[PDB]
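So this first bit is one chain, no partners, the form deposited in one PDB entry, shown in structure tokens.
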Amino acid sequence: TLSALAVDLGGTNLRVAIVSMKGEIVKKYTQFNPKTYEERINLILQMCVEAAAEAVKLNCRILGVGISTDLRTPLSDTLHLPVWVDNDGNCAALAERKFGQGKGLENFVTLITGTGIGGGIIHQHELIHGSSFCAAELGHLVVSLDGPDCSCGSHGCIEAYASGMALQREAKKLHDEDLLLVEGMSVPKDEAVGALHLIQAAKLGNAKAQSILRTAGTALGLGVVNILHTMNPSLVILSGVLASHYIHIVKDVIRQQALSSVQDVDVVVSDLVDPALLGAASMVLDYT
């Protein structure tokens, strides 16, 4: 069974999976993601060697290793396999291009809407990497002369407005002022307010919450509009835990403010589970 190993060096955890050619995630390991790199590489090797060994047991011909994020040298040497590496935003795009709603499409965008915001740009069937390799930094599209502060150091970034972290900051500010919870809401002692709480408050009648969310969706929307006026893609795939939430307002912002010339674009929510791993996998699968 033709396959590849996919590695996801993401938030908190480090995941490695055996992925089939048809996109099935055969087996999936998750572990702590060491902060320091010397150690992160070691863990990857081990998890790969185990995954690889298992693939031999599980009747799987592994073609190579793909990594979403000096990683190539040590892995190829040890595992006797080719290694491909690209960033999470690009891998998200590649997941859609191979297994998702990007199949076929010549020119499309994948915007990751979760803890943070990022994305990938397919054009002429291929990723746009950029001269400095850092193309498609979609979280730091600036839609304000004087916005909220952003973790990149600037302000106005659509990540500063519409990220999961962004919303959590807003959710905490209101809860600290006793302006978040409404008509019954109760937060656990352990758990701590986040975007769902902000949304639930809005959906349960919280005007302050609704306002905050309106701005976050508008900013993101204008982010997408900027993409449309730059790339004129045929499709935009919102992906991640906040995609479902943001799709309605993004379309509205597109109907409201985008040029007539680019309104035939379609915006969708991704169906893909574990896109990072699928994307990592898709590099190996595609080449070999």
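Residue numbers here begin at 1 and follow the sequence given.
Enquirer: Indicate whether the chain is continuous between residue 69 and residue 70 or, if not, how many deposited residues are absent from the coordinates: none, 1 to 3, 4 to 9, or 10 or more.
Expert: Unresolved stretch here: 10 or more residues.
Enquirer: For the higher mean C-alpha B factor in the entry, choose 137-145 or 186-194.
Expert: The stretch with the larger average C-alpha B-factor is 186-194.
Enquirer: For the higher mean C-alpha B factor in the entry, choose 167-175 or 70-78.
Expert: Stretch with the greater average CA B-factor: 70-78.
Enquirer: Among 65, 55, 44, 235, where is the Cα B factor highest in this entry?
Expert: Result of the comparison over 65, 55, 44, 235: 55.
Enquirer: Would you mind ranking residue 101 by its C-alpha B-factor against the rest of the chain and naming the third, lowest, middle or highest?
Expert: Answer is lowest: the recorded C-alpha B-factor places it there.
Enquirer: Report the third (lowest, middle or highest) to which the CA temperature factor of residue 5 belongs, ranking only the modelled residues of the same chain.
Expert: Tercile = lowest for this residue's CA B-factor.
Enquirer: Using the B-factors in the PDB entry, rank residue 36's C-alpha atom against the chain and give the third, lowest, middle or highest.
Expert: Its C-alpha B-factor, which the entry lists for residue 36, ranks in the lowest third among residues of this chain.
Enquirer: Would the CA B-factor of residue 269 place it in the lowest, middle or highest third of its chain?
Expert: Tercile = middle for this residue's CA B-factor.
Enquirer: Of the three thirds of its chain by CA temperature factor, lowest, middle or highest, which one includes residue 90?
Expert: Residue 90: CA B-factor falls in the middle third of its chain.
There is another form of the same protein, the form deposited in another entry; it is not shown, and what comes next is about it.
Enquirer: With respect to the change between this form and the one not shown, which of 206, 197, 100, 212 is the hinge point between rigid parts?
Expert: That leaves 100 as the hinge residue.
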